[PDB]
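Number of protein chains: 2
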Amino acid sequence: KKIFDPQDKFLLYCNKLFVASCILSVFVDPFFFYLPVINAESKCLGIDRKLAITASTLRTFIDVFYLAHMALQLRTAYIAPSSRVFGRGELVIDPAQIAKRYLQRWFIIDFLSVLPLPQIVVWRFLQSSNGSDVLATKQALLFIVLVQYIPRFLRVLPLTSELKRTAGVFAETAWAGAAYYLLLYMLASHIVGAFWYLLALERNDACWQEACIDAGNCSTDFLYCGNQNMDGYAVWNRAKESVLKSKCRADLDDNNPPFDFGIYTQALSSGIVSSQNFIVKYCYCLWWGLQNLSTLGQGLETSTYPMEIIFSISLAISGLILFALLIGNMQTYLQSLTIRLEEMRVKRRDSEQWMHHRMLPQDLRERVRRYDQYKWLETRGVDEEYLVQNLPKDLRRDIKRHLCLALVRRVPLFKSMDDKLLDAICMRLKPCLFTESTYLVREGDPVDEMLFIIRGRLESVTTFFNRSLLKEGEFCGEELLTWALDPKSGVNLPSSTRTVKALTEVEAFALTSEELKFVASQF
Amino acid sequence: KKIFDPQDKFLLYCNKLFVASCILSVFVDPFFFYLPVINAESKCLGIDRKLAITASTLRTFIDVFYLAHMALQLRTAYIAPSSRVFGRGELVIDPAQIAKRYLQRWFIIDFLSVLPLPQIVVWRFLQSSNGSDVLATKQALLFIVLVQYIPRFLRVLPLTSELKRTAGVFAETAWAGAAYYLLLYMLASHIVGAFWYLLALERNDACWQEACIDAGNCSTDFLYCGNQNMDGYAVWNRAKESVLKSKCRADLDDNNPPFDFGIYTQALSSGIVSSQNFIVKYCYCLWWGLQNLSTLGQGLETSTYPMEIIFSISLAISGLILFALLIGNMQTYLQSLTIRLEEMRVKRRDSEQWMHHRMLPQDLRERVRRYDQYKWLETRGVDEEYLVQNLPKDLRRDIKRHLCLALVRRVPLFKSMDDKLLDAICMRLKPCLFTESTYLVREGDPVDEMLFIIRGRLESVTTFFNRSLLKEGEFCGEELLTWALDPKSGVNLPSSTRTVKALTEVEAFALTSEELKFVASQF
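Protein chains in written order, with PDB author numbering: chain B, 86 to 548, 555 to 614; chain A, 86 to 548, 555 to 614.
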């Protein structure tokens, strides 16, 4: 039967063009809300038919593509806890109980999403020559899509809210944290503008259905398209555009209109509910969605109709959530971006506080500031030895042999020595930094590190006193070496013979005394 | 008398359905603000009576349920500091001074909340056949509820603002940090919309009380319901709906109305102040509350009346607070959610900075990136040994025996050994990771860790040279073992005999040299 193993590469693209199907499926459900239109020629309420076949086709052509996923987790293995395994889990390709492994918790949420519930509402309407069914199609689309939002957004939640916590294919920039919470706005605006469109047509249907009864010579079947060849429609036809105009007109300047449309008067006064261009209607509703989600409903002037008020409350709450999520994921990105700079500024404020508290002389305060600025310019806050010590030993040894082998193999006692032990010497070379006019050593002081110069120029006088220069590649500290390999010394740090002043800003690699005894005790 | 001990389970449900009573009590106090209505038939100001009995009943049926709490902390013990105790405190069930322990600080705030102050305002109004108390009921409800807000919100502050700092029953998701600061909006909107309703009726009362004096033939007693059978009401009845209409009409299009209602003209022009459906009135006021708290008063067009201006300032300030709290608790949740991913991205930016500063070759830069991505894929930022070392020793030993016992009991010198000492060997097994084509050891190098393979495949050649494979469950590093148990070696790390290349990505458990001498010195 070939029950699949869970880390197959075929179940890596069938979960790559699969979560894309779960993403594109919650964009198609709002397009069923643009199905009711108003035919302004006939003043009847109708259904867009080549948007009905379009949304039914594009939702079915995703859901039977989805039907090749519970027919493939059908062939699936899992991992179970055991101490027999040697490898963190058993794989079970036995088909007798993996069926229950799939169909005990994560089948019902995934089965209540491929159900063609908004496709059978469209079905018995478009297969008729009778206009009576415009009511039922508009009746059975708000709440079915509203309740199927929950299984369709719960089958994208583990693949988004935990693929943002531990992301898989992204590290480096802002193309999945800002460009995800900004397309979460564009999705929610797409859903909210479609609700606004559909509820605007329901309030216009309510107005027309109540203004037709007050006229008396009208049945509410006459307000729907396809009911023109009915008896009594001819006496209603000559009184349509006075009854529906004196009672159900929508203007944005009326403060006491005959019917209050509230937040839906912008939809009926602009005429997008009777728009023949779908680009105009979709763009106008999507922008209403984004404008009222971004500004949390502020400019909503609702009527005293409780479903409309509750729809406005939902917009305010959803916009509050969406805004808090966006600025919280932008602050989390920006704070992690400038973390070393803010650490440098905290460390810099601490040093000013400590030097003011201790009242250091200003020549000693300039030397502290100079070293801190130089260390920030070179390292940028990065602890290099902590980065190196967290690498594998082979990668450590290769990186350290790239950085420090030519420096150690210019010492004459180290170049002719070995390869075994100098590759243990250039694992303790740590980087030192020296600002200008820093005395690296002065005479009489114990030499406690050998320095192999990377960058910058130095100086050396001993006892106008036969000066000696030092530059990029040379070393300094050979008094420590001969002391350390000689066993006739003990722990006796030898005195310095030279005064070594940093002529420029210097980088070096330092080999301290106790790290030199360990490589001298390998004989 | 049975004075209770403070960690009884009976005083765990009598503080579980108790803080629910403290939560539901601050939702009932706004319902006293919807008591004044306008009877649009008679054009009189009245009181809703079956909302008066409803809010009085539902506040009393919470406060004498609350009266079984200071009758139970009456039977209460506490904990006092002493060094006699052995157990961090004395319990005092002596009833002579625990009364002062309750009634010295946290009795007055809890006693000034069960007081039926908004129930006695309702009392002498609904027990009469006279209309000349509608004034006093509306007079004594704004400031009494406004000043009893302070004890009723101070008896929910220690149980919310410190049960959010150290929560008791919640760990894992966003169902108490977003769904608490979003229902803090819905509470504040419930309070603010009720103030808006009540102050809207007070401004309409002010208009009517001043437009009745200007007519001259009217007493202000005539403006209240129940004063119809008074003398002179018949001459006022035929001039009501010209006097109160030319002077006290509310429209939203008038820019110079005869009376300025300001932020309260939306309440009187919509007609919710005379609404017979309480769902319409409550929803319309709650949405005004949420819309003006969410948008911080922006769309308020106040009059030049100072109490209304001060009510608007309070809305702007309260909305600023509520918004800062919501986005600050959402950023705190989201930042703690993606903490390991942001740590990985900081560590990844540091490595690029360091490899660019050191100018590593690109083959060495790919090996660093590959190991960091592999380590992030396996561990997800989790320091496993730090998690294990913070566990109890029995739980450590059981977890480590589950993870690492079958691996150690496949070594032939360890399987026949013991149980005592191999359970001390599999407490030092730490997890290693190897990317593909990583040389685990090469010949001539000192063997310094024994590796017990978890996952991935390996390779082994020695001196096309009789190759040897390694896969899930086998081990590698037996040259370290026989060296370490032999005492005829000293500290002499033996040379390698094989070249071991990771054929796949490998997990292992590593036993280093100095952790193997400690288990070899147990003989």
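Where is the CB? At the ideal position from N, CA and C, for every residue including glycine.
Q) Considering only C-alpha positions, which residue in the set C292/A, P578/A, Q420/A is nearest to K330/A? A) Restricting attention to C292/A, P578/A, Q420/A, the CA atom closest to the CA of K330/A is found in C292/A.
Q | Spatial distance of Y390/A from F344/A (CA atoms) | A | 11 Å
Q) Do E570/B and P585/B have their C-beta atoms closer together than 8 Å? A) yes
(Q) Just to confirm before moving on: does the CB-CB distance between residue 554/B and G564/B stay below 8 Å? (A) The model contains no atoms for residue 554/B, which sits in the stretch where chain B goes from 548 to 555 directly.
Q. Leaving out five residues before and five after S106/B in sequence, what residues of the same chain have Cβ atoms less than 8 Å from its Cβ?
A. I147, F150, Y151
Q: Leaving out five residues on either side along the sequence, give the residues of the same chain with a beta carbon under 6 Å from the beta carbon of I398/A.
A: none
Q | Euclidean distance between Cα positions of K87/B and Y270/B | A | 43 Å
Q) Curious, which full-length alpha helix (DSSP H) runs of at least 4 residues does the segment 346-388 of chain B contain? A) If one requires a minimum length of 4 residues, the alpha helix (DSSP H) runs lying completely within the segment 346-388 of chain B are 350-354, 363-379, in chain order.
(Q) In the DSSP assignment, the beta strand (DSSP E) including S545/B goes from what residue to what residue? (A) Taken as a continuous stretch (DSSP letters only), the beta strand (DSSP E) holding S545/B covers 543-545.
Q | Beta-carbon proximity check, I357/B vs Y369/B, cutoff 8 Å | A | yes
Q: List the whole-angstrom C-beta distance separating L308/A from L130/A, where the pair is believed to meet the contact cut-off of C-beta under 8 Å.
A: 6 Å
Q) Which residues of chain B have a Cβ atom closer than 7 Å to the Cβ of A273/A, listed in chain order? A) Near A273/A there are no residues of chain B at all, since even the closest Cβ is about 13 Å away, more than 7 Å.
Q.
Going by beta-carbon coordinates alone, are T222/A and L381/A separated by less than 8 Å?
A. Their beta carbons are not under 8 Å apart, which means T222/A does not touch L381/A by this criterion.
Q) Under 8 Å Cβ-Cβ, which residues of chain A neighbour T387/B? A) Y369, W372
**Q.** Candidates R452/A, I484/A, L462/A, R465/A, of which the one nearest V473/B by Cα
**A.** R452/A
Q. What is the DSSP secondary structure of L176/B, counted as helix, strand or coil?
A. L176/B: strand per DSSP, three-state reduction.
Q) Can at least three beta-carbon pairs, one atom from the segment 407-424 of chain B and one from the segment 415-424 of chain A, be found at a separation below 8 Å? A) Counting Cβ pairs under 8 Å, three or more are found: they touch.
Q. So, is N377/A buried or exposed, given that buried needs 16 or more other C-beta atoms within 10 angstroms?
A. Counting of Cβ neighbours within 10 angstroms places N377/A among the buried residues, the total reaching 16 or more.
Q) If you measure beta-carbon to beta-carbon, which residues of the segment 337-351 of chain B are closer than 7 Å to chain A? A) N340
Q: Could you tell me whether the segment 424-442 of chain B touches the segment 441-452 of chain A, using the rule of 3 or more Cβ pairs below 8 Å?
A: When C-beta atoms of the segment 424-442 of chain B are compared with those of the segment 441-452 of chain A, fewer than three pairs fall below 8 Å, so the two segments do not count as touching.
Q: Could you list which residues in chain A have their beta carbon closer than 7 Å to that of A401/B, in chain order?
A: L375, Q376, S379
Q | Cβ pair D508/A, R486/A closer than 8 Å | A | A contact, by the Cβ cut-off of 8 Å.
Q) How many whole angstroms separate the CB atoms of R240/B and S198/B, which I take to be in contact at a CB cut-off of 8 Å? A) 6 Å
Q. Excluding sequence positions up to five away, which residues of its chain have a Cβ less than 7 Å from the Cβ of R450/A?
A. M440
Q) Name the DSSP bridge partner or partners of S559/B? A) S545/B
Q. Can you find at least 3 beta carbon pairs, one from the segment 335-343 of chain A and one from the segment 328-342 of chain B, that sit closer than 8 Å?
A. yes
Q: Give a yes or no on whether the C-beta atoms belonging to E175/A and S168/A are separated by under 8 Å.
A: no
Q) Helix, strand or coil: how does DSSP classify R454/B here? A) helix
Q | Among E428/A, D114/A, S127/A, nearest to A137/A - alpha-carbon criterion | A | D114/A
Q. If you draw a straight line from the alpha carbon of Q447/B to that of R454/B, how long is it in whole angstroms?
A. 10 Å
Q: Give the DSSP bridge partners of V122/B, in chain order.
A: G131/B
Q: Go to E569/B, then tell me how far its alpha helix (DSSP H) extends in each direction, as first and last residue.
A: 569-576
Q. Residue 550/A: which of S246/A, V277/A, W321/A sits nearest, CA to CA?
A. The gap in chain A between 548 and 555 takes in residue 550/A, so it carries no coordinates here.
**Q.** Nearest residue (CA-CA) to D290/A, options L607/A, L525/A, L353/A
**A.** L353/A
Q: Closer than 6 Å by C-beta to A153/B: which residues in its own chain qualify, once you throw out the five before and the five after it? Chain order, please.
A: The beta carbon of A153/B sits closer than 6 Å to none of the beta carbons in its chain outside the five residues before and after it.
Q: Establish whether the CB of residue 553/A and some CB of chain B are separated by less than 8 Å.
A: Any question about the placement of residue 553/A has no answer from these coordinates, since chain A jumps from 548 to 555.
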